[PDB]
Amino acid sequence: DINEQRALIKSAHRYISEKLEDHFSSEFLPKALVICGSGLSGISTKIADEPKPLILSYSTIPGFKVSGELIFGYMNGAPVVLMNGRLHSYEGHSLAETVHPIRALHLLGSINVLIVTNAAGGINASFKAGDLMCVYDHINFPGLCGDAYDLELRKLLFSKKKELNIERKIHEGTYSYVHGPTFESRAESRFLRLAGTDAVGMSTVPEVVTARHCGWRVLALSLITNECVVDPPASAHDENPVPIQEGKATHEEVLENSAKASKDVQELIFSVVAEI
């Protein structure tokens, strides 16, 4: 509640460390935490089968909530943690419950980089569904009412795009974190554009802030899954109106476009973790 949180963090670390003590023949000290958001659902298959990876369900780790698992293993030669299943503020969870896995994993003392992906709506007018955005700055709107993105890791991400011959666009710009769970209205998207937003999403920024608070480097990659509707709605005086449902955002579209970009995103992250 006030200090039970710290005991909960210590308790979860005791569990994870003791499980890493039984599973791995040698000391497993992960250097990267990969929050497998959109586009990273299948990167767990890129974990090496040997040494056999350790899979911890959230139900057994103290403090970890559900409504999820931790994967400890080697990817591209480097030891990493993948957390499949993330908590969101719009689901009712508190900010502490959302970033509790990061604070527990930080007690291992070996992780020094957070790599996180998420879906995002395109606010920048030149953005198209299917593009990626490397985040170099953010606006925390919920934090407003109650850099941080490592330059070398961003340089590294673009070098791996060239090395892998990935044709997919990867922009640079600002990511606005909003609470959700509603998609933005037309006037809200226009406001976000005026505020300097390039893409908008409802996750990631709280984990980034906690990761920076723990001294970790951060690399954040947004998947532009849709282009936010910005045009004013059809006037009642228009005899030939554009239907107000045309181009509406949809979770099915977010899911489909996340999966379409997953092969490129997983290849980029797999190449990056070898040089963390």
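The numbering used is simple: start at 1 and walk along the sequence shown.
Counting the deposited residues that fall between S67 and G68 and carry no coordinates gives a value of 4 to 9. The deposited sequence places 10 or more unmodelled residues between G146 and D147.
Here the stretch with the larger average CA B-factor, out of 90-98 and 114-122, is 90-98. The PDB entry records a higher mean C-alpha B factor for 152-160 than for its counterpart among 126-134 and 152-160. Ranking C214, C36, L54, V208 by Cα temperature factor from the entry places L54 first. Within the group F191, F72, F183, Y175, the record's highest C-alpha temperature factor is found at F72. Per the PDB record, residue ranking by Cα B-factor puts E21 in the highest third of the chain.
Per the PDB record, residue ranking by Cα B-factor puts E246 in the middle third of the chain. Split the chain's modelled residues into thirds by C-alpha temperature factor. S11 is in the highest one. Annotation for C228: CA B-factor lies in the lowest third of the chain's modelled residues.
For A234, the recorded CA B-factor ranks within the middle third of the chain. Only modelled residues enter the ranking.
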